[PDB]
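The deposited numbering puts the sequence shown at residues 1 to 107.
Virtual Cβ for every residue (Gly too), placed ideally from N, Cα, C.
To start, the structure itself, in structure tokens.
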Amino acid sequence: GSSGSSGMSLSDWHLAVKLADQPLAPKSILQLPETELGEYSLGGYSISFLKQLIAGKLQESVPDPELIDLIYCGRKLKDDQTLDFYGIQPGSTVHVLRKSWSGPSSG
């Protein structure tokens, strides 16, 4: 199998991502991968994970998943919480917030 393993699959669970820095920018759709568990309400995922997925899609603006954060329901989400803990559902929209500026002040 020289070719290898190529060709991701489409997931059911979907989520909306909005750039807090740009409230005018169009909302993006983030489709998280499947888990060893069934399909029923995830209720187990950890915010930390999301902070990565989103940061990976918004790489256009977001520098890194560690230099950013996730905001939901008007409140930040720690990496010690779960989707069920907050009550997040497949359809809501979260907002990304940058911890600080790169460094070289400009515009």
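Query	Result
Just to confirm, is the Cβ distance from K76 to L83 under 9 Å?	no
If we cut at 9 Å on Cβ distances, does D79 have a partner in chain D?	Of the chains in the structure shown, none is chain D; there is only one protein chain.
Within the chosen definition, does the stretch 11-29 reach the stretch 89-107 through at least 3 CB pairs nearer than 8 Å?	yes
Got a sec, what are the start and stop residues for the beta strand (DSSP E) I71 sits in?	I68 to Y72
Leaving aside the five residues before and after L30 along the sequence, list all residues of the same chain whose C-beta is less than 7 Å from its C-beta, in chain order.	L15, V17, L53, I54 and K57
Measuring only the C-alpha atoms, how far is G38 from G103?	44 Å
Please list the terminal residues of the continuous alpha helix (DSSP H) segment that includes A55.	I47 to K57
Run through the DSSP bridge pairs and tell me what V17 is partnered with.	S28 and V94
Following the continuous alpha helix (DSSP H) through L83, name the residue where it begins and the one where it ends.	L83 to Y86
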